[PDB]
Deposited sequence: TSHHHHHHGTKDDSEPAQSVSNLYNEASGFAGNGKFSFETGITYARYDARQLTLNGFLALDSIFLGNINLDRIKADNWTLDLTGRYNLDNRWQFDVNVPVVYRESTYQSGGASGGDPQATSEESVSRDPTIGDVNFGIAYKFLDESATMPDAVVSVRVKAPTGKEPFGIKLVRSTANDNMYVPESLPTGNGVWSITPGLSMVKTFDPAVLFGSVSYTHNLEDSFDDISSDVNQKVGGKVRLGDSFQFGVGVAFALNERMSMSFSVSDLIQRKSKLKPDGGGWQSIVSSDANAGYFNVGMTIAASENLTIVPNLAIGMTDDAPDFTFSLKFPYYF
């Protein structure tokens, strides 16, 4: 099977099939904005290991490193806060390919992914103007099952995916933004679901190009301060649309370059995200 074809499937399905072991290195820049104003610049380095078994099972571990740099403007006045390279919410996932593509069926793949609360929690960080530090994960355990369907209708390859996320309830020693007090509390982050569709083409032996779209929807998040009852956090629910354009480029027989632009379609998504990924196959 051509090289371009193998890589279109790997990018689309999340399943690195032709091969056994792989280490992926990702670099990603994203950019946010607002009215006061508020610029932000996020760099993330992804490190990923993957073990693929017979092209039927797959296991992966993932470690993000996060450098961040924000600006809060309000007055005449402008002020920065930043965050030198730290982890990261660490996560692993398992995947099973249950249908292999035939003339009637597609390539179907079910998966699970568990994310641990290893980064710097937002809750308990203190403060017009301005935070003491920037977080690097959400502070909670989460578990996300999902599904990928992929199929070739020569020369198109259509693909899609759906997934939902459950966050587990968790408690914090401090829950207050106010520098003076220290209140502790429980948190139920709202569940969420995600989906996307797209089309791709093998342009030649080594290159492929992809168009796609996805939307993420985040249910409302509730809080329990010590003493009081439950209550929902206003403005906490979200809708983050993305339109994506992408390529795939075979460098060696084992190296691939994967560039991707992702244009935020709503306010809840960053303005744009350029990304760059380098899977290596031993």
Original post:
Relative to the deposited sequence numbered from 1, which residue ranges are unmodelled?
Top reply: 1-15, 51-70, 111-119, 172-179
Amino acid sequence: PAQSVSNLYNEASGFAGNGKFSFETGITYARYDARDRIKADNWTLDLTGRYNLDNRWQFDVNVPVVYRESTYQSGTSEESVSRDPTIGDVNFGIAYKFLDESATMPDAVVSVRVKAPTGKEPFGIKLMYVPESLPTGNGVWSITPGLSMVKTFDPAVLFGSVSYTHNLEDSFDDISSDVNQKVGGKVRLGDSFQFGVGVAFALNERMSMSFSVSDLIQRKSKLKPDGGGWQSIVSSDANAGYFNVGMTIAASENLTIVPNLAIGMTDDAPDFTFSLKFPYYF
From here on, numbers count along this sequence of modelled residues.
Subject >> Between 83-91 and 156-164 (mean CA B-factor, as deposited), the higher >> reply: 83-91
**OP:** Read off the CA B-factors in the entry, average them over 269-277 and over 17-25, and name the higher stretch.
**Re:** 17-25
Original post:
Hey, out of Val140, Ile125, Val199, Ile143, whose CA B-factor is highest in the deposited coordinates?
Top reply: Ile125
**OP:** Return the residue from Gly228, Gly49, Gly246, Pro64 that has the highest Cα B-factor in the entry.
**Re:** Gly228
Original post:
Lowest, middle or highest third: where is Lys182 by Cα B-factor in its chain?
Top reply: highest
Subject >> CA B-factor placement of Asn7, once the chain's modelled residues are sorted into thirds >> reply: lowest
**OP:** Going by the recorded CA B-factors, say which third of the chain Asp215 sits in, lowest, middle or highest.
**Re:** lowest
Subject >> Ranked C-alpha temperature factor of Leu45 among modelled chain residues, by third >> reply: lowest
Original post:
Going by the entry, which third of its chain does the Cα temperature factor of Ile257 land in?
Top reply: middle
